[PDB]
Amino acid sequence: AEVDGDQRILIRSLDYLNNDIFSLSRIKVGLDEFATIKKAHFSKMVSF
């Protein structure tokens with residue numbers, strides 16, 4: 001497919017994209033793209 005827009009990521013778009021998403025380690029930074037956080041083993045959770 002052909003797209004000519006830069007798809008510059010704006011903050012005003014994130015709220016509408018993530019209105020139904022309540023995750024803390026994933027947000028819809030784009031339409032089909034995501035911003036994620038790397039996982040860690042829960043065995044390290046004992047330090048809290």
# chains A, B, ... in the order shown; residues from 1 in each chain; ligands from 1
>>> select_by_dssp(residues="chain A", states="helix (DSSP H, G or I)", output="JSON, numbers by chain")
{"A": [11, 12, 13, 14, 15, 16, 17, 42, 43, 44, 45, 46, 47]}
>>> write_last_selection(atoms="C-alpha atoms", output="PDB file, in the first residue's frame")
ATOM      1  CA  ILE A  11       0.099  13.317  22.276  1.00  0.00           C
ATOM      2  CA  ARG A  12      -3.465  14.386  21.429  1.00  0.00           C
ATOM      3  CA  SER A  13      -3.907  11.099  19.522  1.00  0.00           C
ATOM      4  CA  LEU A  14      -2.785   8.767  22.355  1.00  0.00           C
ATOM      5  CA  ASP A  15      -5.827   9.436  24.600  1.00  0.00           C
ATOM      6  CA  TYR A  16      -8.371   8.584  21.835  1.00  0.00           C
ATOM      7  CA  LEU A  17      -6.370   5.484  20.768  1.00  0.00           C
ATOM      8  CA  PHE A  42       8.494 -12.011  38.885  1.00  0.00           C
ATOM      9  CA  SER A  43      10.996 -13.748  41.180  1.00  0.00           C
ATOM     10  CA  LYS A  44      12.587 -10.280  41.630  1.00  0.00           C
ATOM     11  CA  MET A  45       9.249  -8.985  42.956  1.00  0.00           C
ATOM     12  CA  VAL A  46      10.283  -9.968  46.503  1.00  0.00           C
ATOM     13  CA  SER A  47      12.391  -6.805  46.845  1.00  0.00           C
TER      14      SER A  47
END
>>> residues_around(residues="residue 39 of chain A", least_positions_apart="6", cutoff="12 Å", atoms="only C-alpha atoms", output="list in words")
residues 24, 25 and 26 of chain A
>>> atom_distance(atom1="atom CA of residue 10 of chain A", atom2="atom CA of residue 40 of chain A")
29.0 Å
>>> select_by_dssp(residues="chain A", states="strand (DSSP E)", output="ChimeraX atom specification")
/A:26-27,35-36
>>> atom_distance(atom1="atom CA of residue 18 of chain A", atom2="atom CA of residue 6 of chain A")
20.7 Å
>>> atom_distance(atom1="atom CA of residue 36 of chain A", atom2="atom CA of residue 48 of chain A")
22.4 Å
>>> decode(residues="segment 20-42 of chain A", atoms="N, CA, C and O atoms", output="PDB file, in the first residue's frame")
ATOM      1  N   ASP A  20      -9.982   2.736  25.529  1.00  0.00           N
ATOM      2  CA  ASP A  20     -10.498   1.454  25.984  1.00  0.00           C
ATOM      3  C   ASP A  20      -9.393   0.546  26.507  1.00  0.00           C
ATOM      4  O   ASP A  20      -9.680  -0.547  27.003  1.00  0.00           O
ATOM      5  N   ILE A  21      -8.140   0.983  26.444  1.00  0.00           N
ATOM      6  CA  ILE A  21      -7.009   0.169  26.869  1.00  0.00           C
ATOM      7  C   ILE A  21      -6.562   0.640  28.245  1.00  0.00           C
ATOM      8  O   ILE A  21      -6.219   1.813  28.429  1.00  0.00           O
ATOM      9  N   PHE A  22      -6.561  -0.276  29.212  1.00  0.00           N
ATOM     10  CA  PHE A  22      -6.204   0.034  30.589  1.00  0.00           C
ATOM     11  C   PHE A  22      -4.876  -0.592  31.000  1.00  0.00           C
ATOM     12  O   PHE A  22      -4.560  -0.637  32.193  1.00  0.00           O
ATOM     13  N   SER A  23      -4.093  -1.074  30.039  1.00  0.00           N
ATOM     14  CA  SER A  23      -2.821  -1.711  30.345  1.00  0.00           C
ATOM     15  C   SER A  23      -1.773  -0.676  30.732  1.00  0.00           C
ATOM     16  O   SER A  23      -1.784   0.462  30.257  1.00  0.00           O
ATOM     17  N   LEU A  24      -0.859  -1.086  31.610  1.00  0.00           N
ATOM     18  CA  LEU A  24       0.235  -0.231  32.050  1.00  0.00           C
ATOM     19  C   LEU A  24       1.546  -0.526  31.340  1.00  0.00           C
ATOM     20  O   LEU A  24       2.495   0.249  31.487  1.00  0.00           O
ATOM     21  N   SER A  25       1.628  -1.622  30.587  1.00  0.00           N
ATOM     22  CA  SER A  25       2.840  -1.981  29.863  1.00  0.00           C
ATOM     23  C   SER A  25       2.639  -1.988  28.353  1.00  0.00           C
ATOM     24  O   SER A  25       3.496  -2.503  27.630  1.00  0.00           O
ATOM     25  N   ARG A  26       1.533  -1.432  27.862  1.00  0.00           N
ATOM     26  CA  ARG A  26       1.261  -1.375  26.432  1.00  0.00           C
ATOM     27  C   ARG A  26       0.322  -0.211  26.166  1.00  0.00           C
ATOM     28  O   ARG A  26      -0.701  -0.078  26.843  1.00  0.00           O
ATOM     29  N   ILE A  27       0.668   0.625  25.189  1.00  0.00           N
ATOM     30  CA  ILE A  27      -0.223   1.687  24.739  1.00  0.00           C
ATOM     31  C   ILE A  27      -0.199   1.747  23.220  1.00  0.00           C
ATOM     32  O   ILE A  27       0.834   1.524  22.585  1.00  0.00           O
ATOM     33  N   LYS A  28      -1.353   2.056  22.633  1.00  0.00           N
ATOM     34  CA  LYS A  28      -1.440   2.191  21.186  1.00  0.00           C
ATOM     35  C   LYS A  28      -0.804   3.497  20.735  1.00  0.00           C
ATOM     36  O   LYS A  28      -1.496   4.504  20.561  1.00  0.00           O
ATOM     37  N   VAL A  29       0.518   3.492  20.551  1.00  0.00           N
ATOM     38  CA  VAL A  29       1.204   4.694  20.101  1.00  0.00           C
ATOM     39  C   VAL A  29       0.774   5.077  18.693  1.00  0.00           C
ATOM     40  O   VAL A  29       0.814   6.259  18.332  1.00  0.00           O
ATOM     41  N   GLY A  30       0.344   4.108  17.888  1.00  0.00           N
ATOM     42  CA  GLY A  30      -0.175   4.379  16.564  1.00  0.00           C
ATOM     43  C   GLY A  30      -1.502   3.688  16.333  1.00  0.00           C
ATOM     44  O   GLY A  30      -2.250   3.445  17.285  1.00  0.00           O
ATOM     45  N   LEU A  31      -1.811   3.362  15.081  1.00  0.00           N
ATOM     46  CA  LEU A  31      -3.048   2.653  14.779  1.00  0.00           C
ATOM     47  C   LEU A  31      -2.879   1.145  14.920  1.00  0.00           C
ATOM     48  O   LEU A  31      -3.703   0.481  15.556  1.00  0.00           O
ATOM     49  N   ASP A  32      -1.822   0.592  14.330  1.00  0.00           N
ATOM     50  CA  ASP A  32      -1.483  -0.815  14.488  1.00  0.00           C
ATOM     51  C   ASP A  32      -0.163  -1.025  15.212  1.00  0.00           C
ATOM     52  O   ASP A  32       0.278  -2.170  15.348  1.00  0.00           O
ATOM     53  N   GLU A  33       0.479   0.042  15.675  1.00  0.00           N
ATOM     54  CA  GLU A  33       1.737  -0.042  16.397  1.00  0.00           C
ATOM     55  C   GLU A  33       1.502   0.164  17.889  1.00  0.00           C
ATOM     56  O   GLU A  33       0.557   0.837  18.306  1.00  0.00           O
ATOM     57  N   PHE A  34       2.376  -0.435  18.693  1.00  0.00           N
ATOM     58  CA  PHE A  34       2.270  -0.359  20.141  1.00  0.00           C
ATOM     59  C   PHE A  34       3.594   0.106  20.726  1.00  0.00           C
ATOM     60  O   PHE A  34       4.659  -0.076  20.133  1.00  0.00           O
ATOM     61  N   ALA A  35       3.506   0.722  21.898  1.00  0.00           N
ATOM     62  CA  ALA A  35       4.656   0.992  22.745  1.00  0.00           C
ATOM     63  C   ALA A  35       4.544   0.105  23.973  1.00  0.00           C
ATOM     64  O   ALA A  35       3.516   0.121  24.663  1.00  0.00           O
ATOM     65  N   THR A  36       5.588  -0.677  24.232  1.00  0.00           N
ATOM     66  CA  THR A  36       5.579  -1.690  25.272  1.00  0.00           C
ATOM     67  C   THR A  36       6.742  -1.476  26.229  1.00  0.00           C
ATOM     68  O   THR A  36       7.669  -0.708  25.959  1.00  0.00           O
ATOM     69  N   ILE A  37       6.681  -2.174  27.359  1.00  0.00           N
ATOM     70  CA  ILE A  37       7.748  -2.183  28.351  1.00  0.00           C
ATOM     71  C   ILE A  37       8.273  -3.606  28.476  1.00  0.00           C
ATOM     72  O   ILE A  37       7.494  -4.562  28.547  1.00  0.00           O
ATOM     73  N   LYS A  38       9.596  -3.741  28.487  1.00  0.00           N
ATOM     74  CA  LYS A  38      10.225  -5.052  28.578  1.00  0.00           C
ATOM     75  C   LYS A  38       9.831  -5.751  29.875  1.00  0.00           C
ATOM     76  O   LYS A  38       9.724  -5.129  30.933  1.00  0.00           O
ATOM     77  N   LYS A  39       9.607  -7.059  29.783  1.00  0.00           N
ATOM     78  CA  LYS A  39       9.206  -7.834  30.944  1.00  0.00           C
ATOM     79  C   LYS A  39      10.393  -8.100  31.863  1.00  0.00           C
ATOM     80  O   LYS A  39      11.556  -7.900  31.506  1.00  0.00           O
ATOM     81  N   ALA A  40      10.079  -8.555  33.072  1.00  0.00           N
ATOM     82  CA  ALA A  40      11.079  -8.984  34.034  1.00  0.00           C
ATOM     83  C   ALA A  40      10.515 -10.158  34.817  1.00  0.00           C
ATOM     84  O   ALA A  40       9.300 -10.274  34.993  1.00  0.00           O
ATOM     85  N   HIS A  41      11.404 -11.031  35.278  1.00  0.00           N
ATOM     86  CA  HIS A  41      10.971 -12.212  36.010  1.00  0.00           C
ATOM     87  C   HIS A  41      10.367 -11.812  37.349  1.00  0.00           C
ATOM     88  O   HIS A  41      10.958 -11.030  38.098  1.00  0.00           O
ATOM     89  N   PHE A  42       9.195 -12.368  37.659  1.00  0.00           N
ATOM     90  CA  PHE A  42       8.494 -12.011  38.885  1.00  0.00           C
ATOM     91  C   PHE A  42       9.216 -12.474  40.140  1.00  0.00           C
ATOM     92  O   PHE A  42       8.844 -12.044  41.237  1.00  0.00           O
TER      93      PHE A  42
END
